[PDB]
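Structure first, then comments.
These numbers come from the heavy atoms of this one structure, side chains and all, not from hydrogens, waters or symmetry mates. Remember, it's 1-based here, ligands and their atoms both numbered in the order they're listed. Below, chain A is the first sequence line, B the second, and so on; all start at residue 1.
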Protein chains: 6
Amino acid sequence: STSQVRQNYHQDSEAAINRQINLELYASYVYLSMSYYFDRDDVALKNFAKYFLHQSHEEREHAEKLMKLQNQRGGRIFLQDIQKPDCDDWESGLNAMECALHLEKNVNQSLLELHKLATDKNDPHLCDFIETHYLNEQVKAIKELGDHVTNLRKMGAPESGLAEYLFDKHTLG
Amino acid sequence: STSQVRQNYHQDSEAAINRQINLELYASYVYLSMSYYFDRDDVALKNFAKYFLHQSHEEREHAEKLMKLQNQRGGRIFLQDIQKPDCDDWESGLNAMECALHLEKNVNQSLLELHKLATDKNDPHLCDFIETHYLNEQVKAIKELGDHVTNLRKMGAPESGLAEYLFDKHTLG
Amino acid sequence: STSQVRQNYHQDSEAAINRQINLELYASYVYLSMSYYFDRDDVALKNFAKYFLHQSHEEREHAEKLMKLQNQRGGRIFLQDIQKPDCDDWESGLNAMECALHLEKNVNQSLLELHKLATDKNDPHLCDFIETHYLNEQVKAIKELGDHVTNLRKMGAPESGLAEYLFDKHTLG
Amino acid sequence: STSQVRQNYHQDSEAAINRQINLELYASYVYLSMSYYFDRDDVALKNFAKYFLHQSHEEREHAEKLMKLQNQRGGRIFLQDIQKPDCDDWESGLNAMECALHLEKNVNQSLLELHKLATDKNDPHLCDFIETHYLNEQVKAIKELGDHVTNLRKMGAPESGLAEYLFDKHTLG
Amino acid sequence: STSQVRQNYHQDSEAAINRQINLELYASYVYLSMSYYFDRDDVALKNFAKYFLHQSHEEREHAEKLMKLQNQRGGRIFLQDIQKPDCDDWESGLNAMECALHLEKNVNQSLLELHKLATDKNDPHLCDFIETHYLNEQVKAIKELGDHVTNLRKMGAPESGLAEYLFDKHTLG
Amino acid sequence: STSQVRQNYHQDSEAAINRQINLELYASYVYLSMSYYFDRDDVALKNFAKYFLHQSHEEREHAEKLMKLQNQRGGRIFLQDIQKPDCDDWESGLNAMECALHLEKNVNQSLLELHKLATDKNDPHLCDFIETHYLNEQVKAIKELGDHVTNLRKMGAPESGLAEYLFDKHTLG
Ligand code: NA
Ligand code: NA
Ligand code: NA
Ligand code: NA
Ligand code: NA
Ligand code: NA
Ligand code: NA
């Protein structure tokens with residue numbers, strides 16, 4: 001049952017990739033939830049909605065790239081349930097950005113653990129894959145979300161509705 | 001005196017269409033009133049004025065489409081007086097948007113009653129006409145006005161003149 | 001309560017402008033009625049319908065220009081009910097053109113009274129506005145309608161259905 | 001023998017669609033007959049001929065769309081004989097337009113019965129298909145033919161050969 | 001807590017839309033699973049992979065449109081876990097197409113139940129939404145999958161590897 | 001009652017043209033039946049469907065050209081019922097092509113009899129019409145269908161579903 005393509009690809013690496021697929025799909029779902037919160041008539045921040053929908057689609061692309069990797073290396077994809085997000089109501093633009101920052105840091109931690117595993121199993125292709133496609137993307141995402149949180153806080157969010165309105169227009173628009 | 005084209009078109013449907021024509025013309029007049037309120041030198045919100053004038057013209061188009069339908073089906077148009085709007089002075093951008101939301105919901109209720117009548121009289125052409133041309137347009141209008149009211153309220157309208165100014169520029173501009 | 005912009009604008013002038021707004025809106029409604037008469041399956045003169053719809057839209061533009069003037073001068077718009085037209089059935093192309101000619105002459109008489117008022121109140125801006133935007137437009141409209149009535153009568157309308165058909169095609173098309 | 005695609009598609013609906021196919025093919029044949037009547041050297045109204053040929057081709061397209069629907073839903077097409085039209089000689093442009101109006105109203109009645117059946121069998125796809133593709137097309141056709149009959153009658157057809165000549169040129173050309 | 005936009009939108013309808021969102025997301029996940037099965041080195045049917053990935057993305061779009069509808073009507077989105085697909089290994093191109101056909105028929109049945117609910121609750125906007133955006137799309141999908149299953153079976157799949165190869169090239173390519 | 005245009009046009013020729021019109025319309029209907037057989041979900045050969053629909057439309061054009069001829073010569077068109085095709089289910093691509101070949105040979109035989117009649121009645125215009133517009137078209141059609149039957153038989157149709165699939169793609173596509 002060993003794939004004809006498989007070479008230097010540890011069972012532990014294969015399992016870790018399957019976990020990461022699920023995590024990326026989860027993140028996609030979280031961002032989808034956040035997007036449609038901002039689309040509510042009682043929230044009505046269209047550029048927050050657009051921002052989070054974009055992130056949702058990006059996370060799905062990240063999951064699909066891991067699925068491609070799994071097959072390229074001769075591993076086998078095992079999908080699991082995608083858990084529902086922790087919240088239905090995301091409270092405010094600031095709260096959502098803070099939740100996103102926490103999520104991105106959790107995803108980054110998982111990727112750092114995957115890189116460590118790849119290094120420990122002497123799998124340089126996998127290590128390089130993670131470095132090239134995932135780690136700088138995560139650092140950039142985290143920096144962007146931190147910048148957003150800083151700006152929102154400085155502007156007076158979430159108490160000032162005018163802050164979120166103007167941030168939506170000027171930063172996210 | 002029965003029209004050569006008339007088929008499956010109940011007298012009650014014909015009467016309901018004449019009522020809806022009047023209601024659309026009324027709505028057009030309300031929006032016209034609102035438009036020119038915002039054009040006053042002591043109000044001076046040009047994009048509110050433009051928004052409501054556009055809505056006025058759209059409502060007139062809606063009325064004319066119903067008039068076309070009446071003739072297409074072999075009904076006879078009977079026009080009535082167009083009543084003056086309830087207010088001359090619309091107080092604020094927020095108050096006008098709230099009044100518009102109420103108006104749109106009243107128009108939607110009338111269209112839902114018309115659809116029910118068409119269904120009750122087994123007039124699928126009329127039911128389809130209302131679904132295709134009126135019902136989603138109303139849902140969209142109501143959602144847009146609700147979004148506007150939410151944003152204005154969050155920004156601090158009507159107490160903050162700066163709120164209405166910035167909404168006029170950034171949302172309606 | 002005097003507008004910051006108001007200068008040399010008499011209360012009687014302001015009232016006369018509000019009356020003229022109503023008259024223009026009334027004329028728009030009359031022409032709308034006439035338009036849709038010609039769209040009936042038992043009348044079926046598409047170019048008569050188009051002609052009168054154009055006139056309807058033009059009269060609305062005339063009303064809106066007066067509303068703009070009212071605000072430019074610091075007067076206050078007071079809308080009134082728009083009365084229904086005198087007829088539902090306009091009988092013939094010739095009869096409608098004759099009714100239009102009568103309407104246009106009534107509107108012109110009202111504008112001449114407004115000009116006289118402006119002159120009497122030493123309001124040269126208002127007098128000029130009426131001269132520039134309204135009086136030659138009315139003279140042209142009246143001359144055009146008179147030409148149409150003459151042609152229809154000479155061709156044998158309304159007794160000849162062939163007359164109205166050919167006029168619809170060759171003059172109004 | 002149940003199609004793998006079939007879902008929510010009643011035997012009565014399938015039968016009614018087969019009847020409607022035949023009716024559309026019949027209508028196509030009627031219009032073909034009318035077309036070539038106008039092409040006769042002793043009739044010689046080329047634009048009447050063109051008008052009816054266009055209608056013939058349109059009715060065939062309508063039949064083919066129903067055949068497509070039958071297969072989409074997993075029903076089975078059963079064709080029947082296409083009966084010859086009621087007349088060989090259509091007498092006049094006015095008489096043909098009156099016969100067309102009668103035909104279109106008969107087709108519309110059949111479509112309204114089909115819609116009622118679809119609604120009674122809780123087949124919303126079929127009901128929507130009929131509403132979307134057939135009912136407004138029929139209302140428009142009926143209104144157009146009524147307009148044509150009105151104009152021809154007003155112009156003096158069929159006694160005036162000049163009426164049909166000019167209608168052929170100016171309306172149908 | 002009633003939304004300012006909500007009108008004629010039953011709690012049962014809102015709940016049914018939330019169920020349909022989950023079902024569409026589930027279908028998206030199934031198709032994703034199927035896609036990456038065909039990308040395996042021991043399966044290696046690139047056009048099957050592309051076909052199912054396209055379907056996955058389409059189902060996600062369908063889910064997002066329902067989420068938009070929920071907010072447009074003033075309902076509240078409640079997400080649930082996305083269950084993992086029933087299979088990890090989809091056996092063959094034919095087996096996957098058969099599983100897809102079964103899935104599409106299940107989704108269609110759910111949409112027909114939603115339409116019945118909308119009709120029962122006199123919600124014509126919702127009924128129209130389902131008819132316009134979902135029901136013909138499902139009929140087309142089901143017909144396409146049935147055609148694919150027929151062709152694969154006729155060609156000798158799944159026993160003939162040459163059948164799936166050639167179908168992949170000529171139909172899906 | 002003799003047409004003003006009629007010259008050298010025998011009553012027997014006129015009758016034979018009316019028979020040929022019916023035969024062409026019949027052939028059109030046969031091909032229509034065949035087309036929609038191939039569109040069935042349990043047959044699913046789209047290029048066979050397209051091929052036969054094209055032939056259906058071509059046969060209708062042939063019928064209309066004969067109708068034009070009848071009027072050009074001052075004959076009078078008498079339409080008859082269009083009989084339903086002999087089969088509802090055409091069994092296979094090969095069987096349909098064989099049935100088409102038989103049909104085309106039957107149509108050709110009728111045209112050869114018409115040419116013989118024209119020659120016997122010293123009607124060179126009619127003979128030339130048939131030669132120019134019909135006889136080479138029939139020879140080409142017969143040769144094409146024979147080629148198709150040969151290829152299908154050589155490839156292993158109808159027992160090989162792979163044969164019809166590949167013929168559909170490579171010859172008819
Ligand atoms: Na990611
Ligand atoms: Na409206
Ligand atoms: Na509909
Ligand atoms: Na005027
Ligand atoms: Na039709
Ligand atoms: Na779907
Ligand atoms: Na032929």
For this session: Indicate whether the side chain of B:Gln70 and that of B:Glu14 have a donor and an acceptor atom separated by less than 3.5 Å.
Result: no
Exercise. Does any N, O or S atom in B:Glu137 come within less than 3.0 Å of the Na ion (ligand 2)?
Worked result: no
Exercise. Within the distance-only criterion (no hydrogens, no angle test), does the side chain of D:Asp128 pair as donor or acceptor with the backbone N or O of E:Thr132 below 3.5 angstrom?
Worked result: no
For this session: Classify the angle between the aromatic ring planes of E:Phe52 and E:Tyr31 as parallel (below 30°), tilted (30 to 60°) or perpendicular (above 60°).
Result: parallel
For this session: Give the name of the N/O/S atom in E:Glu59 that lies closest to the Na ion (ligand 6).
Result: OE1
For this session: Would you please say whether a donor-acceptor pair under 3.5 Å links the side chains of D:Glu24 and D:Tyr29?
Result: no
Problem set entry | Apex the Na ion (ligand 5); atoms D:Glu24 OE1 and D:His62 ND1; angle rounded to 10 degrees | 110°
